[PDB]
J.: 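Before anything else, here's the structure in question.
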There are 2 protein chains.
Amino acid sequence: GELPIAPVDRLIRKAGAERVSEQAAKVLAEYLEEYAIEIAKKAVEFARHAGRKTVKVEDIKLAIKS
Amino acid sequence: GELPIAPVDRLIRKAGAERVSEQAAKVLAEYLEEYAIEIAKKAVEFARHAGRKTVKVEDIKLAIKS
């Protein structure tokens with residue numbers, strides 16, 4: 001995909017996990033990827049409607065808060 | 001934090017972004033980081049009550065749809 005697996009695996013360990021299965025980290029990472037895409041889409045919409053090609057912090061914030 | 005900015009930036013682009021401000025990508029990456037942890041904490045709980053120290057796919061799947 002796009003998002004590395006190792007960082008997500010570590011995030012699970014930071015959430016309290018003693019051990020994390022390879023597939024568990026991959027799955028979460030995959031889900032985070034589609035979630036990112038979902039939010040990104042709204043972000044791109046906010047930019048296009050502003051007559052902008054560049055997506056800024058303001059677009060992302062609004063996208064996450066939807 | 002943990003998750004890299006570059007991959008996130010690329011996801012925004014694959015969502016339709018022609019240009020993405022470094023900050024925009026960074027903030028989305030940090031939010032995804034915060035979200036994964038929240039999901040992960042729930043995953044550790046299912047695992048713990050199952051008597052397991054290793055977080056599995058079944059745990060992540062349930063934490064995601066909460």
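All values below were derived from every heavy atom in this structure, side-chain atoms included, with hydrogens, water molecules and symmetry-related copies excluded. Naming convention: chains lettered A, B, ... in sequence-line order (proteins, then strands); numbering from 1 in each chain.
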J.: Please determine, among B:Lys56, B:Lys26, B:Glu58, the option with the most heavy-atom pairs under 4.5 Å with chain A.
T.: B:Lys56
J.: Non-hydrogen atoms of chain B under 4.5 Å away: do they reach the side chain of A:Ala43, the backbone, both or neither?
T.: neither
J.: Going from CD on B:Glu34 to CD on B:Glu30, what distance comes out if it is rounded to the nearest 0.5 angstrom?
T.: 9.5 Å
J.: Considering only heavy atoms and a distance below 4.5 Å, find which of B:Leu28, B:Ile39, B:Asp59 pairs most often with chain A.
T.: B:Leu28
J.: Let me confirm one number: the CG-CD distance from B:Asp9 to B:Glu22, rounded to the nearest 0.5 Å.
T.: 8.5 Å
J.: Less than 4.5 Å to any heavy atom of chain A: does that hold for the side chain of B:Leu32, its backbone, both, or neither?
T.: both
J.: Heavy-atom distance under 4.5 Å to chain A: side chain of B:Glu33, backbone, both or neither?
T.: both
J.: What distance separates B:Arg52 CZ from A:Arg19 CZ, expressed to the nearest 0.5 Å?
T.: 12.0 Å
J.: Would you mind telling me which of B:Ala15, B:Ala63, B:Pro4, B:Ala6 has the largest number of heavy-atom pairs within less than 4.5 Å of chain A?
T.: B:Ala15
J.: May I ask you to decide whether A:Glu2 forms a salt bridge with B:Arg13, counting only side-chain N to carboxylate O separations under 4.0 Å?
T.: no
J.: Side chain, backbone, both or neither: which part of B:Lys14 has a non-hydrogen atom closer than 4.5 Å to chain A?
T.: side chain
J.: So which heavy atom on B:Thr54 is nearest to which on A:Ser21, and how close?
T.: CG2-N, 3.8 Å
J.: Taking all non-hydrogen atoms of both residues, which atom of A:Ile60 and which atom of B:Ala24 are closest, and how far apart?
T.: CG1-O, 3.6 Å
J.: Determine the option with the most heavy-atom pairs under 4.5 angstrom with chain B, choosing from A:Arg10, A:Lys41, A:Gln23.
T.: A:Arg10
J.: Within a strict 4.5 Å, meaning less than it, do heavy atoms of the B:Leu11 and A:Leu3 side chains meet?
T.: yes
J.: B:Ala47 versus chain A, heavy atoms under 4.5 Å apart: side chain, backbone, both or neither?
T.: neither
J.: Under 4.5 Å heavy-atom distance to chain B, tell me which part of A:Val44 shows up: side chain, backbone, both or neither.
T.: side chain
J.: How long is the straight-line distance from NZ of A:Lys42 back to CG of A:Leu62, given to the nearest 0.5 Å?
T.: 11.0 Å
J.: If you count heavy-atom pairs within less than 4.5 Å of chain B, which of A:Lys53, A:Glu18, A:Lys61 leads?
T.: A:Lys53
